[PDB]
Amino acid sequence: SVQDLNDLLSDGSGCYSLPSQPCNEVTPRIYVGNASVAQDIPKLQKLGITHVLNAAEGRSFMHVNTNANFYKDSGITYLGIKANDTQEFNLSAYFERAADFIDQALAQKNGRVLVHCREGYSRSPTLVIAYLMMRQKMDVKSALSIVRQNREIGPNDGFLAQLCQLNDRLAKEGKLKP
């Protein structure tokens, strides 16, 4: 139920806090940030980021206009998904490819990945939550709670519903840890 998920994100009902920081490490070696941290190459290096997954690739004010070329020569590996933060956008079609990209960065003990969007509030947190469910076998409630404790997030109801569908698939087939 999407309303039980919104309840974990708000203070009871109506108000959802906004990110107090431009970037947060939400689980070990996985960072969630915004547009300006994504474009600050010298900060990424300092943090030792090896991979950047841009979940808001595009040419508008609700997107971050970066590409693999922007990161070439800095030795940073790039993956871009042109997603829109709307209840109708099917982000679930990209869950597997995103979960794979994160797994490839973390497979090496030195890897660290930045999954970001415009604000690091709805599009990217959704991909991280999905990854925690699909690869670390956490249920939607536990996965959502862990990220939220580390960063103020608020995925749209359509993204929350896609996560709920995923949770049911995984648990039906006995893939979630209790």
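Position 1 is the first residue in the sequence shown; the rest follow in order.
- When 156-164 is weighed against 7-15, 7-15 comes out higher, by mean CA B-factor as recorded in the entry.
- The deposited model assigns a higher average Cα B-factor to 70-78 than to the other stretch when 99-107 and 70-78 are compared.
- In this entry, the residue among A56, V26, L127, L47 with the greatest C-alpha B factor is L47.
- Set against one another, the Cα B-factors of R135, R123, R151, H51 in the record reach their highest point at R135.
- Sort the chain's modelled residues by C-alpha temperature factor and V37 lands in the middle third, per the entry.
- Per-chain ranking of the deposited C-alpha B factor places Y31 in the lowest third.
- Among the modelled residues of the chain, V113 sits in the middle third by CA temperature factor in this PDB entry.
- Ranked by Cα temperature factor within the chain, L144 sits in the middle third according to the deposited record.
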